[PDB]
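Visitor: Can you keep this structure in mind? I'll have questions shortly.
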Amino acid sequence: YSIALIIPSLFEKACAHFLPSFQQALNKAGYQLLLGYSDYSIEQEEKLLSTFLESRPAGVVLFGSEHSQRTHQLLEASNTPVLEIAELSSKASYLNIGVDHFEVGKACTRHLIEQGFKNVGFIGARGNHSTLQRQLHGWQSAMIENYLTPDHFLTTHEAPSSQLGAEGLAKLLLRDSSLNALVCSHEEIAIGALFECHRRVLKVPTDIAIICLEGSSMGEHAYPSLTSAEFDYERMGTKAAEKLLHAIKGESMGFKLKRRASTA
Amino acid sequence: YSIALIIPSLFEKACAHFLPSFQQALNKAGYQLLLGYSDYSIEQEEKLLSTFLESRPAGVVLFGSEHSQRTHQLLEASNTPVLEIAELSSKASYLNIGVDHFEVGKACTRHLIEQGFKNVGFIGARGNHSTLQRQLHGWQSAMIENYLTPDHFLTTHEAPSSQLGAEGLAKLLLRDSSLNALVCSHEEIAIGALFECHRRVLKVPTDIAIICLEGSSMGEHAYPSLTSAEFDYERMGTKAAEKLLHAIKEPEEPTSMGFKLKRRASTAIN
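So the protein lines, in turn, are chains L and B.
Quick note on numbering: my numbering labels position 226 of the first sequence as 220, and the sequence is numbered without any gaps.
My numbering runs 810 ahead of the 1-based position in the second sequence.
What follows is the structure, given as structure tokens:
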């Protein structure tokens, strides 16, 4: 009478703010939480996955669509109900909660554009991962839609860092001094970028607008504040359990886009 | 036989950086890692720990010294080995590892003073948890020892945030404008503060100097970049694992693992 979650990483703000709410609501209704840590490892996902199943768990949640076939048909065998948090569901007989990043990327660069901020570069981290390619694409879309060329983006497969944000801006301005808006995949990148601006005495938003794709209380209280796309990982936390519980026996997450100082 | 670990927060560098090398090391030795989240809860820790113990032996590793009668029972009743990630260790026969935050406060704060910044405020959080109190004290020592009068501090039971460092700075300024440096318990805090200096046009460090008590690359690459204390929780990760592996495998040892003070702009003098 207890379920298992296994987690991709702990830097991920998604996981950070989702976890408590989840097992909290989960506790309120009977089941306990024996969770596991993958460190992004598909192999590890399995090892963990496997040994939890040794105790009949009936109910299991995982992140992403990427899983080993050598574990899919353990879950889709021992037939315990399974949620995936991700956009793409891998078996799609099992349940799903995921966000549209493409839309997030689009709405956000859309916002800069209807802001008079037409020369928009894109700095992103954590690529090699399905979500960043969708953010890029959403950006590239919002641009073209508006007769504008998506020339200026930089990315890595590494984790979001302020250094990145700062060195990204530098690299960008050095290509195009006219750059006057910046999209940022993660909040750490935006803060670097923000500090870069101070170093450069480069007013924001009048010299540069800035926007974050997955923000929190940190950019909230930066200066100039930070306009970000913001999610309810606690509402998610909750609304996930309910799903699994509704499933165990019985019978399109959005985001507010917080308008702040770095756009005016 | 599998090995269990109950995390207190997801949001703390100490666990964030500790976990993945504590997984690696343990995994090379061949142990699966059963874990658990307790919203800084001694009570949930029980509910949870119980289940774990009732499952499979090995050893279990826990953060903090403050715990529960029933844990203290179960754990020491189970005769299985325990590792507190903590400075001091409850129930004598507990294996342990932790930094001494007091020295960190003190050393960071002598720095400001040796540097010439003699009127330091302090902002810290989760100050109903014991680590903050050891840092506060560290800071108050450094002040008093120099005849500096050490009562310009703010703490919350809440979690560290840059809003806290902004407003922190504000309220200290309003308490007393002569203020001219800050010790921040946390990197989010120091960032709030830095950014707020920018808002109020207080130059850093020549109007206010800043020093963070637990920096990461985050703060390293702010502007002006900030002097802070760093720790190697990745190594603690392996070292914790080693200490426990060497427990089940059987001699049992002191463990004086400290910190480096990265001197950067926010405390510099030209």
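Even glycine gets a Cβ: it sits at the ideal position worked out from N, Cα and C.
Which class does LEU845 of chain B belong to by DSSP, given the choice of helix, strand or coil?
Guide: In the second sequence, residue 845 of chain B corresponds to position 35, counting from 1. In this structure, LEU845 of chain B counts as strand in the three-state DSSP scheme.
Visitor: Grouping DSSP H, G and I as helix and E and B as strand, with all else coil, what is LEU77 of chain L?
Guide: Walking along the first sequence from the start, residue 77 of chain L turns up at place 83. If DSSP states are grouped into helix, strand and coil, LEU77 of chain L belongs with the strands.
Visitor: Look at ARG254 of chain L and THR200 of chain L and say whether their C-beta atoms are less than 7 Å apart.
Guide: The residue labelled residue 254 of chain L in the question sits at position 260 within the first sequence. The residue labelled residue 200 of chain L in the question sits at position 206 within the first sequence. Against a cut-off of 7 Å, the Cβ pair of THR200 of chain L and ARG254 of chain L comes out as no contact.
Visitor: Using a cut-off of 9 Å between C-beta atoms, extract the partners of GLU1006 of chain B located in chain L.
Guide: For the purposes of this step, residue 1006 of chain B is taken as residue 196 along the second sequence, with counting starting at 1. Correct list: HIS215 and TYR217.
Visitor: If contacts are defined as beta-carbon pairs under 8 Å, then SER156 of chain L and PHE111 of chain L qualify, I think. What distance do you get, rounded to the angstrom?
Guide: Position 162 of the first sequence, counting from 1, holds the residue named residue 156 of chain L. Position 117 of the first sequence, counting from 1, holds the residue named residue 111 of chain L. With 8 Å as the limit, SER156 of chain L and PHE111 of chain L do not qualify as a contact, their Cβ atoms being about 22 Å apart.
Visitor: Please compile the residues from chain L whose C-beta is within a distance smaller than 9 Å of the C-beta of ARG880 of chain B.
Guide: In the second sequence, residue 880 of chain B corresponds to position 70, counting from 1. Residues of chain L passing the Cβ test: none, with the nearest at roughly 16 Å.
Visitor: In the DSSP assignment, find the unbroken alpha helix (DSSP H) run with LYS1053 of chain B in it and report its ends.
Guide: For this step, residue 1053 of chain B is matched to residue 243 along the second sequence. From DSSP, the alpha helix (DSSP H) with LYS1053 of chain B extends over 1043 to 1058.
Visitor: If you measure beta-carbon to beta-carbon, which residues of the stretch 64 to 82 of chain L are closer than 9 Å to chain B?
Guide: Listed in sequence order: no entries.
Visitor: Do you know whose CA, among B:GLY1002, B:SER819 and B:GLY908, lies nearest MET1067 of chain B's CA?
Guide: Position 257 of the second sequence, counted from the first residue, corresponds to residue 1067 of chain B. Measuring from the Cα of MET1067 of chain B, the nearest candidate turns out to be B:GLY908.
Visitor: Report the three-state DSSP secondary structure of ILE1079 of chain B (helix, strand or coil).
Guide: Within the second sequence, residue 1079 of chain B is the residue found at index 269, counting from 1. Note: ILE1079 of chain B maps to coil in three-state DSSP.
Visitor: Is the Cβ of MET230 of chain L closer than 7 Å to any Cβ of chain B?
Guide: In the first sequence, counting from the first residue as 1, residue 230 of chain L sits at position 236. Taking Cβ atoms only, chain B never reaches closer than 7 Å to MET230 of chain L, which makes this a no.
Visitor: Which stretch, first to last residue, makes up the alpha helix (DSSP H) that contains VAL98 of chain L?
Guide: For the purposes of this step, residue 98 of chain L is taken as residue 104 along the first sequence, with counting starting at 1. Residues 95 to 107.
Visitor: Can you say whether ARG104 of chain L is buried or exposed, counting buried as having 16 or more other CB atoms within 10 angstroms of its CB?
Guide: As a first step, residue 104 of chain L is located in the first sequence; it is residue number 110 there, counting from the start. Classification for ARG104 of chain L: buried.
Visitor: Please list, in chain order, all residues of the same chain as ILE852 of chain B whose beta carbon is under 8 Å from its beta carbon, the five residues on each side excluded.
Guide: In the second sequence, counting from the first residue as 1, residue 852 of chain B sits at position 42. Taken in chain order, the residues that qualify are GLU876, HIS877, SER878 and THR881.
Visitor: Determine, for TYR847 of chain B, whether the minimum Cβ-Cβ distance to residues of chain L falls below 7 Å.
Guide: Walking along the second sequence from the start, residue 847 of chain B turns up at place 37. Closer than 7 Å to some Cβ of chain L, the Cβ of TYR847 of chain B qualifies, so yes.
Visitor: So which residues on chain L does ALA826 of chain B lean against when the C-beta distance must stay under 8 Å?
Guide: Translated into the one-based positions of the second sequence, residue 826 of chain B becomes position 16. Within 8 Å Cβ-Cβ: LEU4 and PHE5.
Visitor: Is it true that the stretch 1045 to 1062 of chain B meets the stretch 166 to 178 of chain L, where meeting means three or more beta-carbon pairs spaced less than 8 Å apart?
Guide: The stretch 1045 to 1062 of chain B vs the stretch 166 to 178 of chain L: no contact.
Visitor: How many angstroms separate the CA atom of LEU858 of chain B from the CA atom of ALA868 of chain B?
Guide: To locate residue 858 of chain B, count along the second sequence from 1; it is residue 48. To locate residue 868 of chain B, count along the second sequence from 1; it is residue 58. Roughly 16 Å separates the two Cα atoms.
Visitor: Report the partner residues of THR149 of chain L according to the DSSP bridge assignment.
Guide: Here the question's residue 149 of chain L lines up with position 155 in the first sequence. Answer is L:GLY118, bridged to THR149 of chain L.
Visitor: Looking at the C-beta of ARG866 of chain B, does it have a partner C-beta in chain L at a distance below 7 Å?
Guide: On the second sequence, residue 866 of chain B is found 56 positions in, with the first residue counted as 1. No, no contact with chain L.
Visitor: Taking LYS250 of chain L as part of the alpha helix (DSSP H), name the residues at either end of that continuous run.
Guide: Here residue 250 of chain L corresponds to residue number 256 of the first sequence, with the count starting at 1. Here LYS250 of chain L belongs to no alpha helix (DSSP H); instead the beta strand (DSSP E) covers 250 to 252.
Visitor: What's the C-alpha gap between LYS22 of chain L and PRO144 of chain L?
Guide: What you label residue 22 of chain L is simply residue 28 of the first sequence in a count that begins at 1. What you label residue 144 of chain L is simply residue 150 of the first sequence in a count that begins at 1. Spanning the two alpha carbons is a distance of roughly 48 Å.
Visitor: Is the CB-CB distance between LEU844 of chain B and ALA814 of chain B below 7 Å?
Guide: For this step, residue 844 of chain B is matched to residue 34 along the second sequence. For this step, residue 814 of chain B is matched to residue 4 along the second sequence. In this structure, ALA814 of chain B lies closer than 7 Å to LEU844 of chain B by Cβ.
Visitor: Could you tell me which chain L residues have their CB closer than 9 Å to the CB of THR1065 of chain B, listed as they occur along the chain?
Guide: Here residue 1065 of chain B corresponds to residue number 255 of the second sequence, with the count starting at 1. Going along chain L, no residue has its Cβ under 9 Å from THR1065 of chain B, so there is no contact; the nearest lies around 24 Å.
Visitor: Can you list, in chain order, the stretches of the beta strand (DSSP E) that have 3 or more residues and sit fully within the stretch 822 to 870 of chain B?
Guide: The stretch 822 to 870 of chain B contains these whole beta strand (DSSP E) runs: 843 to 847.
Visitor: Three-state secondary structure (DSSP) at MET1067 of chain B?
Guide: In the second sequence, the residue the question calls residue 1067 of chain B occupies position 257. Residue state, collapsed to three classes: coil.
Visitor: Counting only Cβ-Cβ distances shorter than 9 Å, please list the residues of the stretch 967 to 979 of chain B near chain L, keeping chain order.
Guide: Listed by position, the residues of the stretch 967 to 979 of chain B near chain L (Cβ gap below 9 Å) are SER971, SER972, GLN973, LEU974, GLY975, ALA976 and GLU977.
Visitor: What number of angstroms, rounded off, separates the C-alpha of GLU955 of chain B from the C-alpha of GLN109 of chain L?
Guide: Along the second sequence, read from residue 1 onward, the residue named residue 955 of chain B stands at position 145. Along the first sequence, read from residue 1 onward, the residue named residue 109 of chain L stands at position 115. Taking the straight line joining both Cα atoms gives about 56 Å.
Visitor: What in chain B is Cβ-close to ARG120 of chain L, meaning under 7 Å?
Guide: Within the first sequence, numbered from 1, the residue matching residue 120 of chain L stands at position 126. Simply none; closest approach about 15 Å.
Visitor: Suppose the cutoff is 6 Å on Cβ atoms and the five residues either side in sequence are ignored; what does the same chain contact list for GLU968 of chain B look like?
Guide: Residue mapping note: residue 968 of chain B aligns to position 158 of the second sequence, counting from 1. Excluding residues within five positions, the ones whose Cβ falls inside 6 Å are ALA935.
Visitor: From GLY874 of chain B to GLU245 of chain L, what distance separates their C-alpha atoms?
Guide: Here residue 874 of chain B is taken as the residue at index 64 of the second sequence, counted from 1. Here residue 245 of chain L is taken as the residue at index 251 of the first sequence, counted from 1. Cα to Cα, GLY874 of chain B sits roughly 43 Å from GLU245 of chain L.
Visitor: Ignoring anything shorter than 4 residues or poking outside the stretch 982 to 1013 of chain B, list the alpha helix (DSSP H) runs there in chain order.
Guide: The stretch 982 to 1013 of chain B contains these whole alpha helix (DSSP H) runs: 997 to 1010.
Visitor: Alpha carbon to alpha carbon, how far is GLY30 of chain L from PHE1041 of chain B? Give it in angstroms, no decimals.
Guide: One-based indexing of the second sequence puts residue 1041 of chain B at position 231. One-based indexing of the first sequence puts residue 30 of chain L at position 36. One C-alpha to the other measures close to 25 Å.
Visitor: In three-state DSSP terms, what is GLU1040 of chain B?
Guide: Numbered from its first residue, the second sequence carries residue 1040 of chain B at position 230. Note: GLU1040 of chain B maps to strand in three-state DSSP.
Visitor: Measure from the C-beta of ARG193 of chain L to each C-beta in chain B and report whether the shortest distance is under 7 Å.
Guide: Against the first sequence, residue 193 of chain L aligns to sequence position 199. Yes, because at least one Cβ of chain B sits closer than 7 Å to the Cβ of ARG193 of chain L.
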